[PDB]
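Below: one structure, written as structure tokens.
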Amino acid sequence: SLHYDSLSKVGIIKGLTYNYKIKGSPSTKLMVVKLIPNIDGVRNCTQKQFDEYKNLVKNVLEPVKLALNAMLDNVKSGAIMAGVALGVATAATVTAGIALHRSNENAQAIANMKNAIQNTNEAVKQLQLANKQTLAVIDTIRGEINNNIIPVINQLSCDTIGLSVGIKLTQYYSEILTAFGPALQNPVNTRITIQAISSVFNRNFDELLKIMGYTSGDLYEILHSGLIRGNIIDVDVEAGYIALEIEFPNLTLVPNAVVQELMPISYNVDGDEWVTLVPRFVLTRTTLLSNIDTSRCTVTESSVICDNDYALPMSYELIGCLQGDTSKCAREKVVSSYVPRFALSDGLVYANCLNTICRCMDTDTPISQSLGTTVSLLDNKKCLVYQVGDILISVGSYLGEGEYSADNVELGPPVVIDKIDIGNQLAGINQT
Amino acid sequence: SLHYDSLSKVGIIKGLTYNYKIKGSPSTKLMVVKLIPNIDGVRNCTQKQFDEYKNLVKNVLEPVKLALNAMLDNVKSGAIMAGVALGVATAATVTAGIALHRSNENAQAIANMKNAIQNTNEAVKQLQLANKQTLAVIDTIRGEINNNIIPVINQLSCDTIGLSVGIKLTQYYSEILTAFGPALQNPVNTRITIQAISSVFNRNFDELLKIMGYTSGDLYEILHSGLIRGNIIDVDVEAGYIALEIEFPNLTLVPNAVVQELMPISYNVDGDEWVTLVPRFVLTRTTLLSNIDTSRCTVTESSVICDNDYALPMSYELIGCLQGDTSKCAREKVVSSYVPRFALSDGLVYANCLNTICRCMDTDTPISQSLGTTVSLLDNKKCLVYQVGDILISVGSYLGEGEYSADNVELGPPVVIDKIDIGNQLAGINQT
Amino acid sequence: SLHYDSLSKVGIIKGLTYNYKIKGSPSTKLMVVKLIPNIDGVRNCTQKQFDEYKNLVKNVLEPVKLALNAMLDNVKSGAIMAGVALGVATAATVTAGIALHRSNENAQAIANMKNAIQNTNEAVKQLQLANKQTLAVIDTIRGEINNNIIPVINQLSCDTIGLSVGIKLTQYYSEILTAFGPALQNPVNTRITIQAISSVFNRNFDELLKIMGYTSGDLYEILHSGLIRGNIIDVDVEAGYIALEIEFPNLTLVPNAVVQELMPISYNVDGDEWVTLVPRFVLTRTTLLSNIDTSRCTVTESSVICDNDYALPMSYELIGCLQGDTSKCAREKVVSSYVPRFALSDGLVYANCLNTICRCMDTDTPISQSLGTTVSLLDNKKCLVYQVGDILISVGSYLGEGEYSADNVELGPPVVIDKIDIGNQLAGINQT
Ligand SMILES: *[C@@H]1O[C@H](CO)[C@@H](O[C@@H]2O[C@H](CO)[C@@H](O[C@@H]3O[C@H](CO)[C@@H](O)[C@H](O)[C@@H]3O)[C@H](O)[C@H]2NC(C)=O)[C@H](O)[C@H]1NC(C)=O
Ligand SMILES: *[C@@H]1O[C@H](CO)[C@@H](O[C@@H]2O[C@H](CO)[C@@H](O[C@@H]3O[C@H](CO)[C@@H](O)[C@H](O)[C@@H]3O)[C@H](O)[C@H]2NC(C)=O)[C@H](O)[C@H]1NC(C)=O
Ligand SMILES: *[C@@H]1O[C@H](CO)[C@@H](O[C@@H]2O[C@H](CO)[C@@H](O[C@@H]3O[C@H](CO)[C@@H](O)[C@H](O)[C@@H]3O)[C@H](O)[C@H]2NC(C)=O)[C@H](O)[C@H]1NC(C)=O
Ligand SMILES: *[C@@H]1O[C@H](CO)[C@@H](O)[C@H](O)[C@H]1NC(C)=O
Ligand SMILES: *[C@@H]1O[C@H](CO)[C@@H](O)[C@H](O)[C@H]1NC(C)=O
Ligand SMILES: *[C@@H]1O[C@H](CO)[C@@H](O)[C@H](O)[C@H]1NC(C)=O
């Protein structure tokens, strides 16, 4: 439970409040990415280039089929994993293996549609499966032929058509190696985001989502957070395609979990300028404080959205600091020319008026701050419009038992923190 | 003030000297990015796809217009911010809000040109505003229609034209969501680099700069450093466009500020190989040393260019080390097979001749180093061409009071530094 | 030498074993990237735009030619570097300078083919040099003209052809500045990966490799690891091209070097849930342990592939921990809702049955764990199929002197580790 009045006196001002969300239950859609295109219309001119290409595709997929079959043979049917056959695995790996087995029904439904997939002549098509599920099938290369070669085909000789298609087949191959590289090497454990899958399809993830029945504008939270992901459930070596299953997860709101932002400003210590060291975000669960590493999460207007729960333990001293004992708040000296010197909270302005400019516009007078005063509070008790630095701002009233003051503030120890500095410091401590 | 003679004896060799620059005053140009294209020529074939598209654009921009109006209503007219209405903000946020108000004059000048923007039929066009400012207007989609559909339109049926344009409209939409995503969610505080804006325009930032009156080759320092940035000043929901203001800042040379590079090499300690731990870059201001985090700056041939002043405090022990007391310089043991074992400074070579190969080519003799000697200096007093490792090099003369030696060098404490290692070490220290 | 039985008792389970590889000897191929295209077929319509373009290219390359000549003049002929003329350099810089001199023979062979390069009319061409080496020559722009303008040229007026080509020339220029930016500023020391070079050629690295005589599928280890790189050996300012030399290195298997993965799980301490802090990867050389920073390496199915040898020293306490003294293993408390609670190793399952669900399926009974027990081992001595969490798994037999137990496990000190937390903690330690 954060204590805001004692924190503001060491320059820590209450910022925005966000709620906390984590990935919830799954929902899936099926997709096929074709590696071997339908080249009807250019077959006689491109015969040489196309046969070379097909052989390369086969060599890429054969090792993938072996990896997928190796895992399927370790699961029998809930489903039981053969621990001895698998030998070594993480809990996540074992779970992925079981999931692959469960998805085999969809893989078979897709395989039985092989002819419909092969005979598709449009870059994007939707097929129906025997189990009433839909399948999104894409062949980027066919699109490029339909748009760039066919409309002008009567102007091109076969040598030109052959060379032109060969370059297209080749650049597509490079896009596959880049987007699915890791997934082809480890098809059981690797997941691919929708924005990465779309890099094979000219980067058009909006089209892929539309086929699967979604509007991009309605998926902002899971799309932007990178939570729409797929995995390889099957491959067909001779047909030349990869079967993916794509997840569109729900989000779970975590009860009694609040993420609070803190806004540090500089403060005065007998003529010197200092800043207090606290984490930007603090996670509170009912009553307890913990650390939240938001560099691994997406922060939105109202929510912090994480894939999993990333709460980390907070040190004893930091909890003591945040709960109101300022003698435990480590501070660092400011040496650079800029640092935030004011902030707005609940309509009031907190500022270091010894390092920035504070004036009352109603009276055209300067605002003083004694050297023993750490921060100054600007409210509407005496003046409505203040000049703070290069801006003018109107403020509200102060709520409290009496006039705000920061005349006798207990400060924590000074620190210098860096990788090299800690090395030198800790060595000095143990050497002495 | 760095002491180079005592530092070279622990393997720290003086490297290149750079000056220091930070962002200076702004200069701006106006731009409009059209989301709804001019489709004259295909209107009858694309009617269905185009109407769906326009509705999606409207839904994307409406929330942006609300965010922009919400901030404008908090500023009245210098301009005064309503702190109570805003409630909670950083100093940066308040400044951004005031800036938005100031840019409203340009937003109105652009709005009054709405018909000229809508009736543009070229991918890139320059318009004149009533206030004698120019406006750069782009519509990437129109370019694609002019280049890929119109020249072959007599070969295409309407079903084909409809589908072909639909895919283009859709992929453009995806590029907008990726490039301006964060900016549409927070249009007041988010800034976009020119190389990111250009990702909507086929990645052609040179064309965008040319229209705005600049040559890319003359903007290397601010272009490469990521300092050319824009922000959203207005949107037009029904017209389907975003109005941006793009900054082309001047750079400020910081007086008496010098950034000095240090080049660590290994050295000998009684048969073991050690390296001293110092920061690669040290910032000096007149006489004082501080840390500079160059991972956040662009380092060029002669300058270190930072957006803001990022100087950080340096620890007491590290200052003592760098100023000549080598007993304060922490060292780490070398366990890997490679480490720099020599360096060139002021025409002279410093090397660890117990771990690498040092020979005099003039006499074809080996160069000895006693076990108590930390580093050896190779100069032209005795030999002109030296073999150092696998290279041959000519050297200059040594400037000093007498022969260089490193026979009695006081060394600092040994350390091992990592995240896990510090955890274990600090725990051991407090537990004991 | 890792001690696995005592480590499993604090939740550290043996994971996968990888071998260790580093970059070996070089092999090279030559390439030319043309900046000034062959525009035969559109010369009369594009005259204005083309002349402006050529002037811009000249201005970009002139400074590069000066940097290259400045270094060549410091090397005479093994080759000898002029240390005085160079002044200040790292060992790496001096080596790069010597290498540039050695590559000058190839630069001359390329220059003598200038007319063959200029008269090439296909996007990708292979030329023969007088020294029997091949040269890969690319001109992306020519490809775009051959594919998008010529087939429809009778439908386009000159104004249209002029504008259309101008946009293509301009976007190409932007791609060059992005891909070779750093290389043009520092042509002696900067290296470019093949996937970055290919970003000038529509991202088609498979085509570039094919011309140079390679199959992408056979280069997975060096291609994916980023070890296929080139450097600028020459430029021709008037002709408008950059000459590159591209390296295709062999890999060296490091003898007696093994990289071992560790898999941490949670464990019980009197009702609390804790996890032990160890590095994920440990490098062993014959008998010695060291740290390996794999974030700088590519991890493949069987190998860890690094550019250079990145072994780092390991602390005394961590070695003691890993070699069997568990009182030296620092631990951290779990506060988040998820943590791995089991793992599979050598067919056996290790689990924390106080925090997850453990049951025997053969008898349909729960598996107990006393509060004083740290971890539980699930083997086939009593039950074949276990339920662990939400999965079912079959297990093998335990190899040892008797029944596995973890009743009296000595634990190391508790820690909280973060950047801020260490700052506060170390300050408290020195202040007290
Ligand atoms: C652990 O605590 C000790 C004692 O405070 C630290 O040693 C002292 O550190 C200060 C800087 O914080 C040194 O500053 C100098 O003090 C003298 C006063 O004699 C003043 O004239 C100088 O201008 C400067 O301010 C002080 O010399 C130094 N004391 C000694 C005996 O060396 C120590 O650095 C702390 N350890 C860590 C890792 O922080
Ligand atoms: C703080 O200082 C103490 C005392 O120097 C450190 O304890 C000692 O650390 C060394 C390694 O630096 C251990 O190495 C061993 O020393 C014995 C000599 O008895 C030698 O035969 C071994 O081959 C090895 O070199 C030494 O055992 C250990 N001393 C004790 C009593 O355990 C301590 O590690 C330092 N703390 C930190 C965080 O650095
Ligand atoms: C270095 O060691 C000392 C001594 O263990 C640490 O001080 C103590 O730290 C613990 C937390 O680890 C504090 O926890 C509290 O203990 C009281 C028992 O009196 C209990 O009732 C509370 O609920 C809570 O568990 C303990 O108060 C504190 N001791 C004192 C005198 O303040 C110190 O934090 C360690 N330093 C570092 C950097 O770890
Ligand atoms: C290739 O096949 C198409 C479709 O039947 C035909 O129109 C074209 O003339 C054929 N080209 C050659 C060289 O046979
Ligand atoms: C569409 O409009 C254009 C321009 O007037 C015309 O040439 C074309 O024939 C029209 N197509 C149809 C299907 O009406
Ligand atoms: C440009 O040159 C080509 C090739 O000789 C010719 O066919 C075309 O008509 C010329 N165009 C003009 C405007 O002279």
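Quick note on labels: first sequence line is chain A, next is B, and so on, each numbered from 1. Values below: every heavy atom of this structure, side chains too, minus hydrogens, waters and symmetry copies.
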Can you list the residues of residues 165-176 of chain C that sit under 4.5 Å from chain B, counting heavy atoms only? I167(C), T170(C), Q171(C), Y173(C), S174(C), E175(C)

Highest number of heavy-atom pairs under 4.5 Å with chain C among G396(B), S397(B), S345(B), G347(B) belongs to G347(B)

Value rounded to 0.5 Å, distance of CG in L312(C) from NZ in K333(B): 14.5 Å

Judged by atom type as modelled, is there a donor-acceptor pair below 3.5 Å linking the side chain of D309(C) to the main-chain atoms of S337(B)? yes

Nearest heavy-atom contact between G87(C) and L344(B) is O-CG, 3.4 Å

Between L426(C) and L426(B), is there a side-chain heavy-atom distance shorter than 4.5 Å? yes

At a 4.5 Å cut-off on heavy atoms, which part of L156(C) comes close to chain B: side chain, backbone, both, or neither? side chain

Who wins among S394(B), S216(B), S198(B), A123(B) for the most heavy-atom pairs under 4.5 Å with chain C? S394(B)

Contact part of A91(C) toward chain B, heavy-atom cut-off under 4.5 Å: side chain, backbone, both or neither? both

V94(C), part contacting chain B, at a heavy-atom distance under 4.5 Å: side chain

Residue pair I429(C), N430(B): steps toward the side-chain contact (heavy atoms from CB on, under 4.5 Å) verdict: CA-CA 7 Å; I429(C) 291 166; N430(B) 204 79; 3.4 Å; yes

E122(B) versus chain C, the contacting section by heavy-atom distance below 4.5 Å: side chain

Using the rule given for side-chain contact (heavy atoms from CB on, under 4.5 Å), can you reason through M81(C) versus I391(B), listing the C-alpha separation, both sets of side-chain angles and the distance that settles it, and then say yes or no? CA-CA 8 Å; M81(C) 179 66 75; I391(B) 62 166; 5.9 Å; no

Kindly compute the distance separating CD1 (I420(B)) from CE (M314(C)), expressed to the nearest 0.5 Å. 8.5 Å

Rounded distance (nearest 0.5 Å) linking atom CG of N147(B) with atom OG1 of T160(C): 9.0 Å

Looking at side-chain heavy atoms only, is the closest gap between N148(C) and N148(B) below 4.5 Å? yes

The reported gap from OG in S315(C) to CD1 in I417(B) (rounded to nearest 0.5 angstrom) is 12.0 Å

Ignoring hydrogens, what is the shortest heavy-atom contact between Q155(C) and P151(B)? Give both atom names and the distance. CG-O, 3.5 Å

Which pair of non-hydrogen atoms, one from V335(B) and one from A311(C), has the smallest distance, and what is that distance? CG2-O, 3.5 Å

Can you tell me how far CG of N59(C) sits from OG1 of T215(B), rounded to the nearest 0.5 angstrom? 9.0 Å

Mind checking the CG-NZ spacing from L56(C) to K210(B)? Nearest 0.5 Å is all I need. 7.5 Å

What part of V152(B) lies closer than 4.5 angstrom to a heavy atom of chain C: side chain, backbone, both or neither? side chain

Taking all atoms of both residues into account, what is the closest heavy-atom pair of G78(C) and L392(B), and its distance? O-CD1, 4.0 Å

Passes side-chain contact (heavy atoms from CB on, under 4.5 Å), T178(C) versus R203(B)? Steps please. CA-CA 10 Å; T178(C) 302; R203(B) 300 184 300 279; over 6 Å; no

